[PDB]
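This report refers to the structure that appears directly beneath it.
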Amino acid sequence: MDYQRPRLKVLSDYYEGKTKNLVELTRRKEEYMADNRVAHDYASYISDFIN
Amino acid sequence: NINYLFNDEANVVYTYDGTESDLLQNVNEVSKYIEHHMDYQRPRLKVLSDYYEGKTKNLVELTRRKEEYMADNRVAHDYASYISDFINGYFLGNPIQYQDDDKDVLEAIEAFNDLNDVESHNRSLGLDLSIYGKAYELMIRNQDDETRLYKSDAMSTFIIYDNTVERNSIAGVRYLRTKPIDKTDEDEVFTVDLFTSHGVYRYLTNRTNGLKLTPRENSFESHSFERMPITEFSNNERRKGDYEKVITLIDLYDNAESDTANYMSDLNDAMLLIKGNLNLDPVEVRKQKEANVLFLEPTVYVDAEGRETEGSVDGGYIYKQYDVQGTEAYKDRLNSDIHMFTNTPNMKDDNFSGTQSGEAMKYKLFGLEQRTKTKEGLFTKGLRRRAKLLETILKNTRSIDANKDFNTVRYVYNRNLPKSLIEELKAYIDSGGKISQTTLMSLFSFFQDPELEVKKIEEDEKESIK
Amino acid sequence: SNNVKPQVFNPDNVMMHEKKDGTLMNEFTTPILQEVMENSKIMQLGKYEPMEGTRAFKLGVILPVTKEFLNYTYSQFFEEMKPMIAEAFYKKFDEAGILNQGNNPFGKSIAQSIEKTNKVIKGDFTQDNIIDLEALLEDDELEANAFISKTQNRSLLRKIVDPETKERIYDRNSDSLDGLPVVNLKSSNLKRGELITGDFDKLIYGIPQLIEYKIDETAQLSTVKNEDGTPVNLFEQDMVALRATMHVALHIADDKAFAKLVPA
């Protein structure tokens, strides 16, 4: 739980495309601009192709 | 968007620890599953549907656009539909074929398929898989005593599974906002149908007493299957749909295009700029379109000591401009990425090779084929349950011998690739194929009467004897 | 508007991105429901009555929101705020029907039923007083169906044991007293030492309208003045409001079906 799972969860969140850029709102800005956060889904493209 | 598609409580699988009886005796638990569905899963499915309909965020997010003399130019591109239709047509545009070693089972299958028009049904399921990531089908014994197959909408259907690793489906639910057209008072009345392995329970509910399930008229209705009739299908093991992961790029392309539409709308293309101290008669300026000479005579300033000096007149055209290089490189990158991550052919950067279309297509669709083969596995896994139900109802009605087994059926898939009947004929008749004359004629459309031609040939072949 | 100090509203009911003290809720994390959502007790206990038209009375409320708040602070606010509205309606309706509190517009309430029939037991919680309370119903051929209690007196209920069977009369795991289910009222009006019981099938309610919602970006709000006394105009002041409304009707078929235990 304390060491192996946090690796697997990040690999799984990239497969689902929940890349860091979407969740890491901590440093983003939204006081009048749009958020324009983006995720590209390379992780899924690669894994589906190779498998 | 983001907070609905990528949320953690959406897209989960419902599971229950007890048996079907333990659930059915405590019908309130189903009320919790329905509530959870409305609050967490439906929003996601609704958003995916709106993108398939092209109601992208840019159209509905009026929240920012200023209500002045300015134009709106809010735009939606419909990439979602383009993608889903292409991927679905590639997968199921060519009907699934069925093979079996026993003709009794094969003809029973074919009869059921023809009665239910299963070709179109299968395509509609493939489309639901492509937009929502999952799809449901309901099988019912009709009043006219026929086995009927109907698709169930994803936004109103779900299944509660056994908690064991095998995850057998314990119960299915369907619920609908039945409303009249004229009024918007009690439309939050939802009619609920709960499907168990032995029957349907029918209820009425509403959101605002908190979804207490109450028996409808003639509430329980037995069915002759021996397992829950609703079946679920999946696009992939995550039950995620073909454009869900690129909705953010579709949003960005909408914003960029409507931005350029605003720049086009709101700035003047060009103007004649005239500077300096001068008298312009606004009646004379109307001749600007038809004058040949523009004459600027500068004001002369006289100093108190008698000096004289001239003001600085000037004139020339000015025109608006924007960073075409950077904006087209950016929009081209967005378009390229939307096609790359969905394995859809990028029509803007494409060239055809020679004449043979199928081999160029297998080269370009190689990446899309990899995802489709997985979807083919999960689709067949669902078709087998459809067959299991059909065999059960047939045996209980003794419309087929109890000796038969339906799991021997082989489902054969063909992709919807383009084909060349002339090259296929030449390849079939070389290497020893045979064709009957009437059949051969039916393939070529220059024969105006494919049957009469045979008599007309016999006449010639007869008079040739004399 | 170009006001750099936040707009003072009277009443101060409008949701704002900038608090009066100058705090700005940028990067604001969504709150989490530290307490479970409350449910209508009379909709739980009482008997539903199929009703078309009408005697019903309307419940309603409007929640205004500054669209800066709706853009930056909390985008999904109006969807997350619907259950908390329905909770407020449930609490209002319960408090009216049961306690006769909150200007209940009906002439009918359990509190009035009890106060009319004088079916009240003065005393501390004891097994004999619980039995006498229930007997006040069975005297009139009616049998108790459930109990209504302030959750804060479970400390008293655990102290009562049957001296014949010598066991706890109150099952703290089932939360059932003498085998009957006890529902808890969060409302502040029901005091610690007070307990209510009755044949709730005799309490009938109807809902000629489920909760409507309408969300609007244009209406005037005469009940919320600007600092200068002009009514709020939602479109001019770049603001949004949610309206929720409901109709409910309440009837007591037999006002002797309810009895109350209260401290001496």
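Labeling convention for the structure tokens: chains A, B, ... as they appear, residues from 1 per chain, ligands from 1 in order of appearance.
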Problem - All residues 10 Å or closer to residue 184 in chain C, only C-alpha atoms, same chain fewer than 3 positions away omitted, as a count of residues only - result: 10
Handout entry: Distance filter 8 Å, only C-alpha atoms, chain C against chain B, as a PyMOL selection string
Key = chain C and resi 39-40+43+86+209-212
Problem - Coordinates-based distance that separates CA of residue 204 in chain C from CA of residue 37 in chain C (Å, one decimal) - result: 23.7 Å
At most 12 Å is the cut-off: for each residue in chain A with any atom that close to an atom of chain B, write down the nearest atom pair and the distance in Å rounded to one decimal, counting only C-alpha atoms, chain first then increasing number, as JSON lines.
{"residue": "A:12", "atom": "CA", "partner": "B:238", "partner_atom": "CA", "distance": 10.5}
{"residue": "A:13", "atom": "CA", "partner": "B:6", "partner_atom": "CA", "distance": 10.1}
{"residue": "A:14", "atom": "CA", "partner": "B:245", "partner_atom": "CA", "distance": 11.1}
{"residue": "A:15", "atom": "CA", "partner": "B:238", "partner_atom": "CA", "distance": 9.5}
{"residue": "A:16", "atom": "CA", "partner": "B:238", "partner_atom": "CA", "distance": 7.9}
{"residue": "A:17", "atom": "CA", "partner": "B:245", "partner_atom": "CA", "distance": 6.7}
{"residue": "A:18", "atom": "CA", "partner": "B:6", "partner_atom": "CA", "distance": 7.0}
{"residue": "A:19", "atom": "CA", "partner": "B:6", "partner_atom": "CA", "distance": 10.4}
{"residue": "A:21", "atom": "CA", "partner": "B:2", "partner_atom": "CA", "distance": 11.8}
{"residue": "A:22", "atom": "CA", "partner": "B:2", "partner_atom": "CA", "distance": 8.2}
{"residue": "A:23", "atom": "CA", "partner": "B:6", "partner_atom": "CA", "distance": 9.7}
{"residue": "A:32", "atom": "CA", "partner": "B:64", "partner_atom": "CA", "distance": 9.9}
{"residue": "A:33", "atom": "CA", "partner": "B:64", "partner_atom": "CA", "distance": 10.5}
{"residue": "A:34", "atom": "CA", "partner": "B:64", "partner_atom": "CA", "distance": 10.3}
{"residue": "A:35", "atom": "CA", "partner": "B:2", "partner_atom": "CA", "distance": 10.8}
{"residue": "A:36", "atom": "CA", "partner": "B:252", "partner_atom": "CA", "distance": 7.6}
{"residue": "A:37", "atom": "CA", "partner": "B:248", "partner_atom": "CA", "distance": 8.0}
{"residue": "A:38", "atom": "CA", "partner": "B:248", "partner_atom": "CA", "distance": 6.2}
{"residue": "A:39", "atom": "CA", "partner": "B:248", "partner_atom": "CA", "distance": 7.3}
{"residue": "A:40", "atom": "CA", "partner": "B:246", "partner_atom": "CA", "distance": 7.2}
{"residue": "A:41", "atom": "CA", "partner": "B:245", "partner_atom": "CA", "distance": 6.5}
{"residue": "A:42", "atom": "CA", "partner": "B:341", "partner_atom": "CA", "distance": 7.1}
{"residue": "A:43", "atom": "CA", "partner": "B:341", "partner_atom": "CA", "distance": 9.8}
{"residue": "A:44", "atom": "CA", "partner": "B:341", "partner_atom": "CA", "distance": 8.4}
{"residue": "A:45", "atom": "CA", "partner": "B:341", "partner_atom": "CA", "distance": 6.1}
{"residue": "A:46", "atom": "CA", "partner": "B:341", "partner_atom": "CA", "distance": 9.5}
{"residue": "A:47", "atom": "CA", "partner": "B:371", "partner_atom": "CA", "distance": 10.0}
{"residue": "A:48", "atom": "CA", "partner": "B:371", "partner_atom": "CA", "distance": 6.2}
{"residue": "A:49", "atom": "CA", "partner": "B:370", "partner_atom": "CA", "distance": 5.9}
{"residue": "A:50", "atom": "CA", "partner": "B:370", "partner_atom": "CA", "distance": 8.4}
{"residue": "A:51", "atom": "CA", "partner": "B:370", "partner_atom": "CA", "distance": 7.8}
Could you save the residues just selected, with N, CA and C atoms, as a PDB file, in the first residue's frame?
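Output (out-v4.pdb):
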ATOM      1  N   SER A  12      -1.997   3.954 -14.042  1.00  0.00           N
ATOM      2  CA  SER A  12      -3.395   3.812 -14.421  1.00  0.00           C
ATOM      3  C   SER A  12      -4.051   5.147 -14.755  1.00  0.00           C
ATOM      4  N   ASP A  13      -3.788   6.190 -13.971  1.00  0.00           N
ATOM      5  CA  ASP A  13      -4.340   7.499 -14.302  1.00  0.00           C
ATOM      6  C   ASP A  13      -3.807   8.060 -15.612  1.00  0.00           C
ATOM      7  N   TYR A  14      -2.580   7.728 -15.999  1.00  0.00           N
ATOM      8  CA  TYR A  14      -2.181   8.115 -17.348  1.00  0.00           C
ATOM      9  C   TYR A  14      -2.898   7.297 -18.407  1.00  0.00           C
ATOM     10  N   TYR A  15      -3.134   6.008 -18.175  1.00  0.00           N
ATOM     11  CA  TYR A  15      -3.901   5.288 -19.188  1.00  0.00           C
ATOM     12  C   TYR A  15      -5.282   5.902 -19.359  1.00  0.00           C
ATOM     13  N   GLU A  16      -5.964   6.194 -18.257  1.00  0.00           N
ATOM     14  CA  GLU A  16      -7.243   6.890 -18.364  1.00  0.00           C
ATOM     15  C   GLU A  16      -7.110   8.316 -18.875  1.00  0.00           C
ATOM     16  N   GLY A  17      -5.893   8.831 -19.031  1.00  0.00           N
ATOM     17  CA  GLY A  17      -5.698  10.197 -19.483  1.00  0.00           C
ATOM     18  C   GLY A  17      -5.864  11.275 -18.444  1.00  0.00           C
ATOM     19  N   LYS A  18      -6.023  10.911 -17.178  1.00  0.00           N
ATOM     20  CA  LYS A  18      -6.058  11.870 -16.078  1.00  0.00           C
ATOM     21  C   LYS A  18      -4.634  12.340 -15.775  1.00  0.00           C
ATOM     22  N   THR A  19      -3.964  12.866 -16.799  1.00  0.00           N
ATOM     23  CA  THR A  19      -2.600  13.333 -16.596  1.00  0.00           C
ATOM     24  C   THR A  19      -2.540  14.446 -15.560  1.00  0.00           C
ATOM     25  N   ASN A  21      -1.458  17.345 -15.609  1.00  0.00           N
ATOM     26  CA  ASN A  21      -1.904  18.677 -15.999  1.00  0.00           C
ATOM     27  C   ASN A  21      -3.367  18.934 -15.664  1.00  0.00           C
ATOM     28  N   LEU A  22      -4.225  17.916 -15.705  1.00  0.00           N
ATOM     29  CA  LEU A  22      -5.622  18.161 -15.359  1.00  0.00           C
ATOM     30  C   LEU A  22      -5.848  18.327 -13.861  1.00  0.00           C
ATOM     31  N   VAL A  23      -5.172  17.540 -13.033  1.00  0.00           N
ATOM     32  CA  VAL A  23      -5.434  17.591 -11.599  1.00  0.00           C
ATOM     33  C   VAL A  23      -4.622  18.657 -10.865  1.00  0.00           C
ATOM     34  N   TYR A  32      -9.887  35.429 -14.193  1.00  0.00           N
ATOM     35  CA  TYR A  32     -10.664  36.023 -15.274  1.00  0.00           C
ATOM     36  C   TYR A  32     -10.384  35.304 -16.589  1.00  0.00           C
ATOM     37  N   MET A  33      -9.193  34.723 -16.706  1.00  0.00           N
ATOM     38  CA  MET A  33      -8.841  33.914 -17.859  1.00  0.00           C
ATOM     39  C   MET A  33      -9.539  32.557 -17.787  1.00  0.00           C
ATOM     40  N   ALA A  34      -9.501  31.833 -18.900  1.00  0.00           N
ATOM     41  CA  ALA A  34      -9.911  30.440 -18.888  1.00  0.00           C
ATOM     42  C   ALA A  34      -8.780  29.565 -18.351  1.00  0.00           C
ATOM     43  N   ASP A  35      -9.136  28.343 -17.952  1.00  0.00           N
ATOM     44  CA  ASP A  35      -8.133  27.424 -17.421  1.00  0.00           C
ATOM     45  C   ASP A  35      -7.269  26.832 -18.533  1.00  0.00           C
ATOM     46  N   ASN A  36      -7.894  26.403 -19.630  1.00  0.00           N
ATOM     47  CA  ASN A  36      -7.188  25.836 -20.782  1.00  0.00           C
ATOM     48  C   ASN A  36      -6.212  24.726 -20.401  1.00  0.00           C
ATOM     49  N   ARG A  37      -6.501  23.989 -19.334  1.00  0.00           N
ATOM     50  CA  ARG A  37      -5.728  22.790 -19.032  1.00  0.00           C
ATOM     51  C   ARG A  37      -6.024  21.700 -20.064  1.00  0.00           C
ATOM     52  N   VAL A  38      -5.011  20.877 -20.361  1.00  0.00           N
ATOM     53  CA  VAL A  38      -5.071  19.922 -21.465  1.00  0.00           C
ATOM     54  C   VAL A  38      -4.437  18.588 -21.086  1.00  0.00           C
ATOM     55  N   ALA A  39      -4.962  17.504 -21.672  1.00  0.00           N
ATOM     56  CA  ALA A  39      -4.409  16.156 -21.550  1.00  0.00           C
ATOM     57  C   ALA A  39      -4.376  15.516 -22.934  1.00  0.00           C
ATOM     58  N   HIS A  40      -3.260  14.867 -23.293  1.00  0.00           N
ATOM     59  CA  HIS A  40      -3.094  14.372 -24.659  1.00  0.00           C
ATOM     60  C   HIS A  40      -3.321  12.874 -24.894  1.00  0.00           C
ATOM     61  N   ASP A  41      -3.410  12.033 -23.871  1.00  0.00           N
ATOM     62  CA  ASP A  41      -3.739  10.612 -24.072  1.00  0.00           C
ATOM     63  C   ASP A  41      -2.702   9.818 -24.887  1.00  0.00           C
ATOM     64  N   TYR A  42      -1.437  10.240 -24.874  1.00  0.00           N
ATOM     65  CA  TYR A  42      -0.395   9.398 -25.457  1.00  0.00           C
ATOM     66  C   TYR A  42      -0.370   8.030 -24.802  1.00  0.00           C
ATOM     67  N   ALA A  43      -0.568   7.996 -23.490  1.00  0.00           N
ATOM     68  CA  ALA A  43      -0.456   6.754 -22.741  1.00  0.00           C
ATOM     69  C   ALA A  43      -1.374   5.672 -23.294  1.00  0.00           C
ATOM     70  N   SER A  44      -2.600   6.043 -23.630  1.00  0.00           N
ATOM     71  CA  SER A  44      -3.523   5.079 -24.203  1.00  0.00           C
ATOM     72  C   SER A  44      -3.175   4.769 -25.642  1.00  0.00           C
ATOM     73  N   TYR A  45      -2.869   5.787 -26.439  1.00  0.00           N
ATOM     74  CA  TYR A  45      -2.491   5.487 -27.815  1.00  0.00           C
ATOM     75  C   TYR A  45      -1.378   4.439 -27.868  1.00  0.00           C
ATOM     76  N   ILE A  46      -0.325   4.647 -27.078  1.00  0.00           N
ATOM     77  CA  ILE A  46       0.822   3.739 -27.056  1.00  0.00           C
ATOM     78  C   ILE A  46       0.429   2.343 -26.595  1.00  0.00           C
ATOM     79  N   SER A  47      -0.278   2.242 -25.465  1.00  0.00           N
ATOM     80  CA  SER A  47      -0.572   0.909 -24.940  1.00  0.00           C
ATOM     81  C   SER A  47      -1.512   0.124 -25.836  1.00  0.00           C
ATOM     82  N   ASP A  48      -2.542   0.762 -26.383  1.00  0.00           N
ATOM     83  CA  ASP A  48      -3.409   0.023 -27.289  1.00  0.00           C
ATOM     84  C   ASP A  48      -2.655  -0.428 -28.525  1.00  0.00           C
ATOM     85  N   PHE A  49      -1.786   0.419 -29.074  1.00  0.00           N
ATOM     86  CA  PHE A  49      -1.055  -0.006 -30.259  1.00  0.00           C
ATOM     87  C   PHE A  49      -0.157  -1.202 -29.963  1.00  0.00           C
ATOM     88  N   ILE A  50       0.672  -1.093 -28.927  1.00  0.00           N
ATOM     89  CA  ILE A  50       1.654  -2.136 -28.635  1.00  0.00           C
ATOM     90  C   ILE A  50       0.984  -3.451 -28.262  1.00  0.00           C
ATOM     91  N   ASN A  51      -0.099  -3.385 -27.492  1.00  0.00           N
ATOM     92  CA  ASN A  51      -0.756  -4.627 -27.122  1.00  0.00           C
ATOM     93  C   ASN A  51      -1.507  -5.232 -28.288  1.00  0.00           C
TER      94      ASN A  51
END
Handout entry: Distance-based interface of chain C with chain A, 8 Å, counting only C-alpha atoms, as a list in words
Key = residues 26, 27 and 72 of chain C
Would you save the residues from that selection as an mmCIF file, in the first residue's frame, using N, CA and C atoms?
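The new file again.cif reads:
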data_model
loop_
_atom_site.group_PDB
_atom_site.id
_atom_site.type_symbol
_atom_site.label_atom_id
_atom_site.label_comp_id
_atom_site.auth_asym_id
_atom_site.auth_seq_id
_atom_site.Cartn_x
_atom_site.Cartn_y
_atom_site.Cartn_z
ATOM 1 N N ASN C 26 -10.195 32.582 -4.504
ATOM 2 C CA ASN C 26 -9.598 32.030 -5.709
ATOM 3 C C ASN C 26 -9.005 30.671 -5.368
ATOM 4 N N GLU C 27 -8.942 29.790 -6.364
ATOM 5 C CA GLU C 27 -8.362 28.464 -6.171
ATOM 6 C C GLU C 27 -9.112 27.695 -5.084
ATOM 7 N N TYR C 72 -15.183 31.812 -11.099
ATOM 8 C CA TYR C 72 -13.889 31.518 -10.491
ATOM 9 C C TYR C 72 -13.997 30.650 -9.242
#
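The space between CA of residue 28 in chain C and CA of residue 241 in chain C spans 20.8 Å.
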Practice task
May I have the residues within 12 Å of residue 356 in chain B as a VMD selection string, using only C-alpha atoms and disregarding those fewer than 6 positions away in the same chain?
Solution key: chain B and resid 362 to 363 417 to 424
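One finds CA of residue 310 in chain B at 25.7 Å from CA of residue 271 in chain B.
Close contacts of range 380-384 of chain B, defined as residues with an atom at most 8 Å away when counting only C-alpha atoms, with chain neighbours fewer than 6 positions off set aside, comprise residues 231, 232, 233, 407 and 411 of chain B.
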Given the selection you just returned, output its residues as a file containing N, CA, C and O atoms, formatted as a PDB file, in the first residue's frame.
ATOM      1  N   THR B 231     -28.532  -6.983 -21.024  1.00  0.00           N
ATOM      2  CA  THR B 231     -27.135  -7.263 -21.314  1.00  0.00           C
ATOM      3  C   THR B 231     -26.379  -5.957 -21.487  1.00  0.00           C
ATOM      4  O   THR B 231     -26.920  -4.995 -22.036  1.00  0.00           O
ATOM      5  N   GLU B 232     -25.132  -5.924 -21.025  1.00  0.00           N
ATOM      6  CA  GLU B 232     -24.262  -4.762 -21.160  1.00  0.00           C
ATOM      7  C   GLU B 232     -23.068  -5.086 -22.048  1.00  0.00           C
ATOM      8  O   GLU B 232     -22.528  -6.193 -21.997  1.00  0.00           O
ATOM      9  N   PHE B 233     -22.658  -4.110 -22.851  1.00  0.00           N
ATOM     10  CA  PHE B 233     -21.526  -4.214 -23.758  1.00  0.00           C
ATOM     11  C   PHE B 233     -20.569  -3.072 -23.454  1.00  0.00           C
ATOM     12  O   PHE B 233     -20.992  -2.011 -22.985  1.00  0.00           O
ATOM     13  N   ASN B 407     -23.668 -22.541 -27.612  1.00  0.00           N
ATOM     14  CA  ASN B 407     -22.320 -22.002 -27.470  1.00  0.00           C
ATOM     15  C   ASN B 407     -21.366 -22.463 -28.557  1.00  0.00           C
ATOM     16  O   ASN B 407     -20.226 -21.994 -28.581  1.00  0.00           O
ATOM     17  N   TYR B 411     -18.911 -16.606 -34.356  1.00  0.00           N
ATOM     18  CA  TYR B 411     -19.198 -15.277 -34.878  1.00  0.00           C
ATOM     19  C   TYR B 411     -18.022 -14.802 -35.724  1.00  0.00           C
ATOM     20  O   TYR B 411     -16.905 -14.677 -35.214  1.00  0.00           O
TER      21      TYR B 411
END
Exercise for the section: Select from range 46-253 of chain C everything DSSP, run on the backbone, classes as strand (DSSP E or B), then give the selection as a ChimeraX atom specification. Expected result: /C:47-48,56-66,120-122,146-149,161-162,167-168,170-171,176-177,180-184,195-198,203-216,220-226,231-233,239-252
